[PDB]
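Following: one structure in structure tokens, then a few remarks.
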Amino acid sequence: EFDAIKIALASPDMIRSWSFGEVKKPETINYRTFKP
Amino acid sequence: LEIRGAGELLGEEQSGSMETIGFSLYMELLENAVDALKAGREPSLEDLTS
């Protein structure tokens with residue numbers, strides 16, 4: 001399906017294009033309601 | 001902070017990890033109390049103490 005690999009530095013534009021959102025808060029799991 | 005864990009937002013024990021109430025959930029419970037409180041002018045619980 002592919003033929004070569006490319007490594008480079010990551011521009012902030014490409015990191016934003018990779019990411020489907022952005023995290024704000026550090027809490028993991030409510031753990032009373034196991035929804036995250 | 002951040003070596004002992006900031007304590008639970010809705011309890012005693014100012015220092016500690018404690019696996020508390022999450023702050024977003026805290027705010028939601030707070031405002032739910034707010035509009036349920038001002039929903040029909042409900043007397044404050046403190047004077048029900050007095």
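Residues are referred to by chain and number: the chain letter is A, B, ... according to the order shown in the structure tokens, the number counts from 1 in that chain, and ligands are numbered separately from 1 in the order shown.
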
Contact residues (chain A, partner chain B, 12 Å, only C-alpha atoms) as a PyMOL selection string
chain A and resi 24-33+36

Keeping only C-alpha atoms, write the selected residues as an mmCIF file, in the first residue's frame.
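Dumped everything to again22.cif:
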```cif
data_model
loop_
_atom_site.group_PDB
_atom_site.id
_atom_site.type_symbol
_atom_site.label_atom_id
_atom_site.label_comp_id
_atom_site.auth_asym_id
_atom_site.auth_seq_id
_atom_site.Cartn_x
_atom_site.Cartn_y
_atom_site.Cartn_z
ATOM 1 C CA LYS A 24 -8.168 21.035 28.509
ATOM 2 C CA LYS A 25 -8.522 19.219 31.819
ATOM 3 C CA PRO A 26 -6.420 16.587 33.621
ATOM 4 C CA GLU A 27 -9.115 14.342 35.134
ATOM 5 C CA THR A 28 -9.102 10.804 33.776
ATOM 6 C CA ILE A 29 -12.291 8.953 34.763
ATOM 7 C CA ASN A 30 -15.235 9.983 36.929
ATOM 8 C CA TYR A 31 -15.215 6.327 38.182
ATOM 9 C CA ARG A 32 -18.670 6.710 39.759
ATOM 10 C CA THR A 33 -20.143 7.047 36.307
ATOM 11 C CA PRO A 36 -14.810 9.499 30.844
#
```

Residues of chain A in helix (DSSP H, G or I) according to DSSP, as an MDAnalysis selection string?
chainID A and resid 12:18

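The coordinates place CA of residue 12 in chain B at 22.0 Å from CA of residue 47 in chain B.
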
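CA of residue 27 in chain B sits 10.6 Å away from CA of residue 10 in chain B.
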
Record the distance separating CA of residue 8 in chain B and CA of residue 35 in chain B, expressed in Å with one decimal.
23.4 Å
